[PDB]
C-alpha cells in the first residue's frame, strides 16, 4: 500500500460515501475490471464524455470519477502521468483532465503548480456535469478550478500553500501570462 508523493493515503483521499457509490456502480464492475494504465486510456477514449463527480438524481458516479479512483488504486508513476498529460492530453483532452485531476490529488503543491499551470493556455471545450445541472466548461477553467478551489468532482482537494509563499521560498518562479504582458500596456 504505497503512499502518494504528498502525505495523503490514496484510500482515504475520496470520501467513504463516494468510494461506496463508485464500487457499487455498474460502470466500475463492468468497465474498471482488469484495467491497467493503457486500459485506463482505453476507457477514457471510449466512455468519458464529461468531467464530474457523482451526478444526477441517482447520484451516479461519473466514468471520469471511477477512472480517477482506479488511478488512485493503480498509483501510476510520474512517467505514465506525463504520457497521459502530454501525449494523451494532446490527443485526448479528457485524458489530460483526468491526469490533472489525479496530479492535483496526489502530488506536492510545487509539482501541482509547475505541472498544471501550463494548461491554462489549453482552451479546448469540455463537458462539465454536476452542480447547477449540465454546462460547458474549458480545460483552463478546469485547471483553474483545480488550483483555486477546495472541492472538485465530489472530491475534497487538500489545502495547498499559496503560490506567493512558494515563490518567496524560491520553490517557484513567477507565473507569466501572455495576457499579463498585454494587460500591463492596457492599464497604462
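Positions refer to the first chain, counted from 1.
Higher-scoring stretch by recorded Cα B factor average, 41 to 49 or 130 to 138: Going by the record's values, the stretch with the higher mean is 130 to 138.
Higher-B stretch (mean Cα B-factor, as the entry records it), 89 to 97 or 102 to 110: Of 102 to 110 and 89 to 97, the stretch with the higher C-alpha B-factor average is 102 to 110.
Maximum C-alpha temperature factor, selected from 125, 70, 29, 163: 29 has the highest C-alpha B-factor of those listed.
Residue selected from 148, 59, 62, 156 by maximal Cα B factor: Of 148, 59, 62, 156, 59 has the highest C-alpha B-factor.
Chain-wide C-alpha B factor ranking for residue 117, given as lowest, middle or highest third: As the PDB entry reports it, the C-alpha B-factor of residue 117 lands in the lowest third of its chain.
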